[PDB]
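Here the structure is laid out as structure tokens; the discussion comes afterwards.
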Amino acid sequence: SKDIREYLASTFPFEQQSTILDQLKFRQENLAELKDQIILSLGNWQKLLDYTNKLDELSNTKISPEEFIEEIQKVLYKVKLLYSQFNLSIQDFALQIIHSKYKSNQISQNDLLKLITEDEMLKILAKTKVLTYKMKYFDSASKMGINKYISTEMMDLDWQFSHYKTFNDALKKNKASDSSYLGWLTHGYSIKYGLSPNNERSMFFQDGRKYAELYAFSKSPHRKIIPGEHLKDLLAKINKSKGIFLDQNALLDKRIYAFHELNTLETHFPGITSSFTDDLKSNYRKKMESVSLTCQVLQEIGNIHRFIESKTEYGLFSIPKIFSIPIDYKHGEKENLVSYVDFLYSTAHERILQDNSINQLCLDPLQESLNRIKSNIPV
Amino acid sequence: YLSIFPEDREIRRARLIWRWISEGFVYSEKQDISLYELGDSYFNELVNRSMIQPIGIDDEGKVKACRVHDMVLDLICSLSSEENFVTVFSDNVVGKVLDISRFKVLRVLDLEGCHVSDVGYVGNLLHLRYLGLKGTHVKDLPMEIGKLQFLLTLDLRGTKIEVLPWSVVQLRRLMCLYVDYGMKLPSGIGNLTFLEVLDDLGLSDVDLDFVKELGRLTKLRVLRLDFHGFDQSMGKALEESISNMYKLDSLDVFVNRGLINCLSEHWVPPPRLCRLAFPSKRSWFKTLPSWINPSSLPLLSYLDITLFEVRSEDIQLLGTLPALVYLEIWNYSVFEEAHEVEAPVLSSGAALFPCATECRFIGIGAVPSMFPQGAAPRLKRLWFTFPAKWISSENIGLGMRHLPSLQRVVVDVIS
């Protein structure tokens with residue numbers, strides 16, 4: 001129990017993230033280091049440097065809350081669209097600043113909620129989350145074959161993306177509907193920017209009237225019994241995706257894609273896919289829980305493999321050079337990585353069902369990941 | 001004509017009405033009507049004669065779609081199949097086998113719902129009238145579409161085209177422009193003097209003169225819009241632009257999380273209005289707009305208004321409308337803000353709801369006893385909110401004085 005729980009509380013990673021078993025200098029250095037590679041491309045590349053200096057002086061200096069919101073929205077509203085990659089990091093660090101000190105309550109949360117509820121900020125953060133993820137973790141995850149096991153709801157748990165935890169949870173505590181709104185937005189952006197590559201147009205997201213219908217259902221749940229037009233279609237598509245998910249011989253790609261949107265639309269608008277008869281007959285909820293635990297654990301092996309291979313692939317501007325992870329082996333690694341992986345597998349295997357149509361989604365990826373990860377820890 | 005449609009699948013009435021016009025069963029010599037109203041009416045007696053049955057209600061206050069009876073399909077086939085009578089119905093054989101440009105003259109083209117994008121050859125046919133591409137996965141359309149002087153329809157819902165070419169302004173004749181809101185219209189829209197219905201016009205980050213050009217388009221009956229980027233006095237232009245044309249029969253303005261700086265308190269609406277919808281429930285009017293009076297717009301059959309607060313006299317004023325067949329009034333204060341569910345008090349009047357079958361006071365503290373002496377003579381449906389603490393001094397009653405066939409309530413947690 002504590003044999004590894006103590007170890008995960010001591011090393012450099014695994015603290016910023018939450019494990020299914022259950023720092024100011026670090027980002028200050030990255031802030032300082034951001035301005036180095038900017039000047040090397042001066043040979044149109046000056047506005048980014050101006051923005052970087054503005055953000056650096058904004059974060060480092062002390063500003064009264066009555067002016068900080070204006071300062072942070074001035075820079076954030078200006079950015080619109082190798083050059084492109086440097087631009088995304090400009091706003092990713094920009095809206096990290098809000099969460100950076102809100103945890104210290106340098107800004108009243110009432111003003112923070114007032115800022116976020118603006119239609120611009122919601123879309124901006126929903127877009128920048130998927131862009132930041134695809135910029136860094138997608139390349140590493142593509143090699144392992146865990147590319148299809150990247151879930152929008154599950155992105156907040158990675159250590160880098162810890163500055164969406166507050167933006168979602170505090171918002172949910174204070175303003176219920178906007179949390180589901182930005183969840184819908186972020187999954188729409190994820191499905192549009194290649195995180196879920198599909199040829200057909202998405203029928204659940206990137207459409208204002210769909211969200212309006214979902215919200216109208218949310219506030220008056222007795223609409224599901226006798227819904228009007230434009231909600232027959234949404235329920236029919238839910239049923240079609242559920243049937244695709246529950247299939248046995250269906251292709252893995254499109255089945256996982258259907259599961260992802262089904263999980264999003266059921267988590268953020270609860271009681272939309274819950275059928276009393278069919279779900280009980282086909283063990284719907286248990287299968288969803290099994291697949292969700294499978295996705296969590298797959299992200300866990302992904303992080304473990306990235307850490308073991310690093311001993312930069314966490315991502316550009318992710319971890320600074322001084323605070324990097326050295327290649328040298330350590331005494332505790334042998335006694336605390338194999339056991340950690342084994343306990344993760346044991347915990348996963350105890351509350352995941354087995355079936356002819358589920359073993360390919362829960363058991364088979366777990367065994368494949370175990371085989372891949374047990375043959376490279378010494379090397 | 002429906003024999004072209006397959007055996008077992010729903011049929012939308014809008015496509016039938018448009019294609020009948022396009023190929024030529026609709027000709028009006030009166031020049032007092034726009035040959036769209038009569039087409040819809042024609043479909044109305046067609047469904048009236050019990051030959052076809054209705055299914056659903058679309059966003060035009062009419063039947064969404066229909067389905068022909070199975071014993072009538074073979075009947076119409078036997079009547080008019082062997083005699084002389086192109087489209088793709090969920091078939092992938094198109095393109096790789098059949099050649100479309102080979103046909104020298106053809107009246108209508110409809111290939112919606114397919115997964116093929118090879119349309120760049122529209123200049124080979126000129127007698128074409130209907131051009132529908134709903135959900136055909138078409139990336140782009142040819143630049144020389146303007147050659148088709150004869151044109152009535154242009155269907156582009158659910159496609160990947162991101163901007164229309166400017167060579168559609170030259171179209172001397174055009175009736176319906178089914179545009180998705182995401183893609184931007186070309187400028188100079190005012191030259192489309194014969195435009196008849198305009199659906200889901202994307203309207204944001206647009207200069208004022210384009211808005212002014214709309215009012216030259218004096219032939220509308222439905223006008224579905226939205227806006228996200230000019231929440232300022234720019235919309236004051238379209239405020240009076242909508243006032244110029246006098247043939248409105250439906251209208252709705254989608255807009256999210258903001259006060260409606262679109263419709264003014266001193267405005268003259270078209271003398272005819274039926275739908276006047278507001279699909280987005282996150283928006284609100286400051287109060288009940290002053291232009292809703294028994295004097296003007298006395299022909300509403302649909303309200304669907306969300307507003308920040310429902311005053312005690314708001315429902316009193318709403319009850320004075322002559323027809324008001326359907327009524328759905330929301331209460332933004334109760335749901336999105338911590339405000340008590342106040343109970344309305346309708347006292348004056350005698351009839352107060354001549355023909356109001358549907359009434360959906362979502363979030364309103366309306367009570368069945370609050371209607372005095374049959375305030376709603378028919379009221380087939382009713383929704384309201386009833387906090388549990390209201391059990392004192394004969395609040396509810398529910399006298400059943402007005403034969404409410406069904407009726408659904410919402411419970412409240414407190415007390």
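Chains: A, B, ... in order of the structure tokens. Residues: from 1 per chain. Ligands: from 1, in order shown.
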task = Quick one: everything within 7 Å of residue 17 of chain A, counting only C-alpha atoms, minus sequence neighbours fewer than 6 positions away in the same chain. Send it as a list in words.
result =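 The residues that qualify are residues 157, 158 and 159 of chain A.
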Please produce a file of those selected residues containing C-alpha atoms, as a CSV table (one decimal), in the first residue's frame.
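Ended up saving to result-v2.csv:
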```csv
chain,number,residue,atom,x,y,z
A,157,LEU,CA,-5.8,14.5,-15.0
A,158,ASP,CA,-2.5,14.8,-16.8
A,159,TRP,CA,0.1,16.8,-14.8
```
Write out as a Markdown table the residues of chain B that have any atom within 7 Å of an atom of chain A, one row each with the nearest atom pair and its distance in Å to one decimal, counting only C-alpha atoms, sorted by chain and then rising number.
```
| residue | atom | partner | partner_atom | distance |
| --- | --- | --- | --- | --- |
| B:56 | CA | A:229 | CA | 6.8 |
| B:57 | CA | A:229 | CA | 6.3 |
| B:58 | CA | A:229 | CA | 6.5 |
| B:280 | CA | A:212 | CA | 5.8 |
| B:281 | CA | A:212 | CA | 6.8 |
```
Store the residues of this selection in a file with N, CA, C and O atoms, as a compact mmCIF listing (two decimals), in the first residue's frame.
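Okay, selection13.txt is ready:
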```txt
# COMPACT_ATOMS: atom_id res chain seq x y z
N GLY B 56 -44.52 14.63 -37.31
CA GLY B 56 -43.69 15.66 -36.72
C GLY B 56 -44.06 17.07 -37.15
O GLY B 56 -44.97 17.30 -37.95
N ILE B 57 -43.33 18.03 -36.59
CA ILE B 57 -43.51 19.45 -36.89
C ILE B 57 -42.14 20.08 -37.10
O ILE B 57 -41.29 20.00 -36.21
N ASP B 58 -41.94 20.71 -38.25
CA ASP B 58 -40.63 21.27 -38.59
C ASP B 58 -40.46 22.63 -37.93
O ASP B 58 -41.23 23.04 -37.05
N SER B 280 -33.22 29.96 -28.67
CA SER B 280 -32.21 29.92 -27.64
C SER B 280 -32.79 30.31 -26.29
O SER B 280 -33.33 31.41 -26.14
N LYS B 281 -32.67 29.42 -25.31
CA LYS B 281 -33.18 29.67 -23.97
C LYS B 281 -32.18 30.37 -23.07
O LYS B 281 -32.52 30.71 -21.93
```
request  = Taking the chain letters and numbering used in this document, name the residues of segment 172-403 of chain B that DSSP puts in alpha helix (DSSP H), as a PyMOL selection string.
outcome  = chain B and resi 208-213+235-244+314-318+332-336
task = Within 8 Å of residue 404 of chain B, counting only C-alpha atoms, which residues show up once you throw out same-chain ones fewer than 3 positions away? Write them as an MDAnalysis selection string, please.
result = chainID B and resid 378:382 400 407
Could you please take those selected residues and save N, CA, C and O atoms as a PDB file, in the first residue's frame?
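Saved as out22.pdb:
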```pdb
ATOM      1  N   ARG B 378     -59.894  25.817 -23.378  1.00  0.00           N
ATOM      2  CA  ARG B 378     -59.530  24.529 -23.957  1.00  0.00           C
ATOM      3  C   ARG B 378     -58.287  23.919 -23.319  1.00  0.00           C
ATOM      4  O   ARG B 378     -58.379  22.857 -22.695  1.00  0.00           O
ATOM      5  N   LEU B 379     -57.140  24.591 -23.447  1.00  0.00           N
ATOM      6  CA  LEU B 379     -55.900  24.256 -22.734  1.00  0.00           C
ATOM      7  C   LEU B 379     -55.679  22.741 -22.638  1.00  0.00           C
ATOM      8  O   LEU B 379     -55.814  22.130 -21.580  1.00  0.00           O
ATOM      9  N   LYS B 380     -55.428  22.116 -23.791  1.00  0.00           N
ATOM     10  CA  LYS B 380     -55.192  20.674 -23.809  1.00  0.00           C
ATOM     11  C   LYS B 380     -53.968  20.279 -22.987  1.00  0.00           C
ATOM     12  O   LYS B 380     -53.899  19.163 -22.465  1.00  0.00           O
ATOM     13  N   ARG B 381     -52.980  21.158 -22.884  1.00  0.00           N
ATOM     14  CA  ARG B 381     -51.771  20.869 -22.128  1.00  0.00           C
ATOM     15  C   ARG B 381     -51.437  22.027 -21.197  1.00  0.00           C
ATOM     16  O   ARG B 381     -51.840  23.169 -21.425  1.00  0.00           O
ATOM     17  N   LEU B 382     -50.690  21.718 -20.140  1.00  0.00           N
ATOM     18  CA  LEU B 382     -50.229  22.747 -19.216  1.00  0.00           C
ATOM     19  C   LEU B 382     -49.029  22.221 -18.450  1.00  0.00           C
ATOM     20  O   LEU B 382     -49.075  21.111 -17.916  1.00  0.00           O
ATOM     21  N   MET B 400     -60.250  21.368 -12.507  1.00  0.00           N
ATOM     22  CA  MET B 400     -60.540  20.607 -13.724  1.00  0.00           C
ATOM     23  C   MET B 400     -61.771  21.169 -14.433  1.00  0.00           C
ATOM     24  O   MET B 400     -62.609  20.437 -14.967  1.00  0.00           O
ATOM     25  N   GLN B 407     -51.423  16.604 -18.529  1.00  0.00           N
ATOM     26  CA  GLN B 407     -50.925  17.736 -17.751  1.00  0.00           C
ATOM     27  C   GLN B 407     -49.766  17.252 -16.897  1.00  0.00           C
ATOM     28  O   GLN B 407     -49.914  16.271 -16.163  1.00  0.00           O
TER      29      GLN B 407
END
```
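Taking atom CA of residue 59 of chain A as the reference point, atom CA of residue 112 of chain A is found at 16.3 Å.
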Would you kindly return, as a CSV table (one decimal) with C-alpha atoms, in the first residue's frame, each protein, DNA or RNA residue with an atom no farther than 8 Å from any atom of segment 43-52 of chain B, considering only C-alpha atoms and excluding same-chain residues fewer than 4 positions away?
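Saved as out16.csv:
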```csv
chain,number,residue,atom,x,y,z
B,13,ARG,CA,-42.5,18.0,-47.4
B,17,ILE,CA,-42.9,21.5,-52.5
B,39,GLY,CA,-47.7,24.9,-53.1
B,66,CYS,CA,-44.5,12.5,-44.3
B,67,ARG,CA,-44.7,8.9,-45.4
B,68,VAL,CA,-46.9,7.4,-48.2
B,69,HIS,CA,-48.9,4.4,-47.3
B,72,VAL,CA,-50.5,3.4,-52.3
```
request  = Would you list the contacts of residue 206 of chain B as a ChimeraX atom specification, taking every protein, DNA or RNA residue within 12 Å and counting only C-alpha atoms, but skipping same-chain residues closer than 2 positions in sequence?
outcome  = /B:184-187,201-204,208-213,227-231,234-235,238
Write the residues of the selection above to a file with N, CA, C and O atoms, as a tab-separated table (two decimals), in the first residue's frame.
```tsv
chain	number	residue	atom	x	y	z
B	184	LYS	N	-20.09	32.01	-44.99
B	184	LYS	CA	-20.40	33.42	-45.21
B	184	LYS	C	-20.98	33.65	-46.59
B	184	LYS	O	-20.50	33.09	-47.59
B	185	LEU	N	-22.03	34.47	-46.65
B	185	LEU	CA	-22.66	34.83	-47.91
B	185	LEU	C	-21.83	35.87	-48.65
B	185	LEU	O	-21.13	36.68	-48.04
B	186	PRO	N	-21.88	35.88	-49.98
B	186	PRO	CA	-21.23	36.95	-50.74
B	186	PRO	C	-21.99	38.26	-50.58
B	186	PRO	O	-23.19	38.28	-50.33
B	187	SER	N	-21.26	39.36	-50.75
B	187	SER	CA	-21.85	40.68	-50.61
B	187	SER	C	-22.81	40.95	-51.76
B	187	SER	O	-22.98	40.14	-52.68
B	201	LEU	N	-29.37	32.21	-42.10
B	201	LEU	CA	-28.40	33.17	-42.62
B	201	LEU	C	-27.37	33.49	-41.54
B	201	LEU	O	-27.70	34.12	-40.53
B	202	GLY	N	-26.14	33.04	-41.74
B	202	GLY	CA	-25.06	33.40	-40.84
B	202	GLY	C	-24.82	34.89	-40.90
B	202	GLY	O	-24.56	35.44	-41.98
B	203	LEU	N	-24.91	35.57	-39.76
B	203	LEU	CA	-24.87	37.04	-39.71
B	203	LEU	C	-24.00	37.47	-38.53
B	203	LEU	O	-24.48	37.63	-37.41
B	204	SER	N	-22.71	37.65	-38.79
B	204	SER	CA	-21.78	38.12	-37.78
B	204	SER	C	-20.53	38.66	-38.47
B	204	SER	O	-20.12	38.15	-39.51
B	208	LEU	N	-22.40	47.29	-42.19
B	208	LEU	CA	-23.79	47.74	-42.07
B	208	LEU	C	-24.51	47.72	-43.42
B	208	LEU	O	-25.70	47.39	-43.48
B	209	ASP	N	-23.81	48.09	-44.49
B	209	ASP	CA	-24.48	48.21	-45.79
B	209	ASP	C	-25.03	46.87	-46.26
B	209	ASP	O	-26.09	46.83	-46.91
B	210	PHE	N	-24.35	45.77	-45.96
B	210	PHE	CA	-24.88	44.45	-46.29
B	210	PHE	C	-26.21	44.22	-45.58
B	210	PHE	O	-27.15	43.68	-46.17
B	211	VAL	N	-26.30	44.64	-44.32
B	211	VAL	CA	-27.56	44.55	-43.58
B	211	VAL	C	-28.63	45.41	-44.23
B	211	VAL	O	-29.79	44.99	-44.37
B	212	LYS	N	-28.26	46.62	-44.65
B	212	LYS	CA	-29.23	47.49	-45.31
B	212	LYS	C	-29.74	46.89	-46.61
B	212	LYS	O	-30.91	47.09	-46.97
B	213	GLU	N	-28.89	46.16	-47.34
B	213	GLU	CA	-29.32	45.57	-48.60
B	213	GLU	C	-30.44	44.55	-48.44
B	213	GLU	O	-31.11	44.23	-49.42
B	227	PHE	N	-27.02	35.81	-34.58
B	227	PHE	CA	-25.93	36.77	-34.51
B	227	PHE	C	-25.13	36.60	-33.23
B	227	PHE	O	-25.68	36.29	-32.17
B	228	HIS	N	-23.82	36.81	-33.36
B	228	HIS	CA	-22.89	36.71	-32.25
B	228	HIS	C	-21.87	37.84	-32.18
B	228	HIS	O	-21.17	37.96	-31.17
B	229	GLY	N	-21.76	38.68	-33.22
B	229	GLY	CA	-20.64	39.59	-33.30
B	229	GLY	C	-20.95	41.06	-33.50
B	229	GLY	O	-20.03	41.87	-33.64
B	230	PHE	N	-22.23	41.43	-33.52
B	230	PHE	CA	-22.60	42.84	-33.61
B	230	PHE	C	-23.62	43.20	-32.55
B	230	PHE	O	-24.62	43.88	-32.81
B	231	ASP	N	-23.36	42.81	-31.30
B	231	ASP	CA	-24.24	43.16	-30.20
B	231	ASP	C	-24.10	44.64	-29.87
B	231	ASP	O	-23.66	45.00	-28.77
B	234	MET	N	-25.47	48.37	-34.44
B	234	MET	CA	-25.50	47.97	-35.85
B	234	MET	C	-26.82	47.27	-36.18
B	234	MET	O	-27.41	47.51	-37.23
B	235	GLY	N	-27.30	46.43	-35.26
B	235	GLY	CA	-28.57	45.75	-35.46
B	235	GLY	C	-29.76	46.67	-35.56
B	235	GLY	O	-30.84	46.25	-35.98
B	238	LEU	N	-30.96	46.56	-39.21
B	238	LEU	CA	-31.87	45.48	-39.54
B	238	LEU	C	-33.20	45.62	-38.80
B	238	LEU	O	-34.21	45.08	-39.27
```
task = Step one, run DSSP on the backbone; step two, keep only residues of segment 171-403 of chain B assigned to strand (DSSP E); then write them as an MDAnalysis selection string.
result = chainID B and resid 176:178 197:201 223:226 252:254 326:329 358:361 383:386
With a distance cut-off of 8 Å and only C-alpha atoms, select the neighbouring residues of residue 49 of chain A, excluding the residue or stretch itself and same-chain residues fewer than 2 positions from it, and output the selection as a PDB file with C-alpha atoms, in the first residue's frame.
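Generated output (out19.pdb):
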```pdb
ATOM      1  CA  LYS A  35      12.356  34.322 -24.238  1.00  0.00           C
ATOM      2  CA  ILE A  38      12.221  33.774 -29.747  1.00  0.00           C
ATOM      3  CA  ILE A  39      15.145  35.984 -30.775  1.00  0.00           C
ATOM      4  CA  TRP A  45       8.548  37.566 -35.356  1.00  0.00           C
ATOM      5  CA  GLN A  46       8.491  40.561 -32.988  1.00  0.00           C
ATOM      6  CA  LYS A  47       4.842  40.673 -31.896  1.00  0.00           C
ATOM      7  CA  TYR A  51       3.496  39.484 -26.008  1.00  0.00           C
ATOM      8  CA  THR A  52       5.983  37.323 -24.109  1.00  0.00           C
ATOM      9  CA  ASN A  53       7.552  40.323 -22.380  1.00  0.00           C
TER      10      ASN A  53
END
```
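Between atom CA of residue 332 of chain B and atom CA of residue 185 of chain A lies a distance of 22.4 Å.
Restricting the calculation to only C-alpha atoms, the smallest distance between residue 150 of chain B and any of B:130, B:371, B:166, B:5 is found for B:130.
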Residues of segment 49-140 of chain B within 10 Å of segment 270-278 of chain B: nearest atom pair and distance (Å, one decimal) for each, counting only C-alpha atoms, sorted by chain and number, as CSV?
```
residue,atom,partner,partner_atom,distance
B:59,CA,B:275,CA,9.2
B:60,CA,B:275,CA,7.7
B:61,CA,B:275,CA,6.7
```
